[PDB]
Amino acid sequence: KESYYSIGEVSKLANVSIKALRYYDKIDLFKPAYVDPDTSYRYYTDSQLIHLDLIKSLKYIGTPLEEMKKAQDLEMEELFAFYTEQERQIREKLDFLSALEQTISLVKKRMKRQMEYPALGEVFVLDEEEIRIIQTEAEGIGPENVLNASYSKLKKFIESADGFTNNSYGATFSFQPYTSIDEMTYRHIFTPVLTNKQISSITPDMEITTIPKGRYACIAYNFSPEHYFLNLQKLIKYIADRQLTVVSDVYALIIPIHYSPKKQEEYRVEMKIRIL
């Protein structure tokens, strides 16, 4: 009190690094009361340690340093408001995280569900829960025509809402006794929606709808141009055999298996058609 504290003494007493103290000295946020002109040593009075209280508390909640310089000036009423502001920003970060957390969870449900598929190449008839999607007319686009770039607009809408970018790429087409793959063209191309947040301002060439909840004759396999059509053939036959009645387009989903620029690419395809 009747002498000075060396920077190291303040460091131990305020539980603040010596390097932090020098830095706060440099940005004129908290400078020592006296710097020995010959030795350059920094000296602090006991009375000024109180200024480190407002600086540590603010640093704990994350406010920027230059932001603090404006905080030490303001009076108690103004500081009160300041905290009200911080509260607004924390609730913001909380909401962002809560939602994120849910999105991650949904991504995992679907990730695992496809991960533990009964078997590949086989036609399975299962009871599906609905899957909300955002689609758009597939202007002529066909199985041998689609490009990732074709989903660009769909992906930007889903991206603003979900933050996360779809894992799978969808397409739909009329159920017909297709002879060849060139005989087919997609009605719509779509991407699943995860979040339930409103899309900023969806344009009218996008439709928000769903793959209906219900019963579907499904089949999943690993992608190959030959297999895409051959497996569709199994479905077309499985339905003809059981004499089932289709009540929807054929839904086609293509999920990437790894996202590594190193390995050879491989996707998982999944075709479902709703039956009575």
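In this text, residue numbers run from 1 along the sequence as written.
Looking at 22 to 30 and 246 to 254 together, the entry lists the larger mean B-factor for 22 to 30, computed on C-alpha atoms. In this entry, 194 to 202 shows the higher mean Cα temperature factor of the pair 194 to 202 and 141 to 149.
Annotation for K1: C-alpha temperature factor in the highest third relative to the rest of the modelled chain, per the entry.
Looking at the C-alpha B-factors along this chain, the one for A171 belongs to the lowest third.
Looking at the C-alpha B-factors along this chain, the one for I239 belongs to the middle third. For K155, the recorded CA B-factor ranks within the middle third of the chain. Only modelled residues enter the ranking. When the modelled residues of the chain are ordered by their C-alpha B factor, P37 lands in the highest third.
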